[PDB]
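Protein sequences appear in the order of chains E and B. Last residue of the first sequence: 822 in the authors' numbering, with the numbers rising by one and none dropped. Last residue of the second sequence: 69 in the authors' numbering, with the numbers rising by one and none dropped.
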Amino acid sequence: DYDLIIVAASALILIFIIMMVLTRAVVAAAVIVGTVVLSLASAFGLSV
Amino acid sequence: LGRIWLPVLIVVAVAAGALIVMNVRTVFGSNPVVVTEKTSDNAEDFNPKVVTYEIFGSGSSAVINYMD
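Here's what the structure looks like:
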């Protein structure tokens, strides 16, 4: 449980930083991260 | 702040991630042994009740059995 929380937080922050650096935009990076998270929830549901 | 907004936000995000790591990593474990509490009584001898046995008769000697 604790490792899942840590991994999710660290990965999200790092991916957000990388996307913000590359696209030079904040809202675009936020949109990318949020959409990926929603897809992640759907994936969990389908696999379960 | 065209050239200042990016590194500041990067540092802020890194600090937040580091804080979360430092907390959650140390949350795990921290319960290897269970130690029960001790509550004993004061073992002292104040005002002890005194019991006295007396045997006496017209005879010379006697055989005596008693419970301590």
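The C-beta atom is built at its ideal place from N, Cα and C for all residues, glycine as well.
| Would you say the segment 800-809 of chain E touches the segment 32-45 of chain B, given that touching needs at least three Cβ pairs under 8 Å? | no
| Per-residue contacts from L7/B into chain E (C-beta, under 9 Å) | Mapped onto the second sequence, residue 7/B falls at position 6. Chain E residues near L7/B: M794, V795, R798.
| query | Taking any Cβ of chain E, which residues in the segment 10-40 of chain B have a Cβ under 8 Å from it, in chain order? | reply | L10, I11, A14, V15, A17, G18, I21, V22, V25, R26, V28, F29
| request: Taking only beta-carbon positions, decide if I806/E is within less than 8 Å of chain B. | output: Your numbering for residue 806/E matches position 32 in the first sequence. Taking Cβ atoms only, chain B never reaches closer than 8 Å to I806/E, which makes this a no.
| field | Three-state class that DSSP yields for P8/B in the structure shown | value | As a working note, residue 8/B is residue 7 in the second sequence. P8/B falls in the helix class under three-state DSSP.
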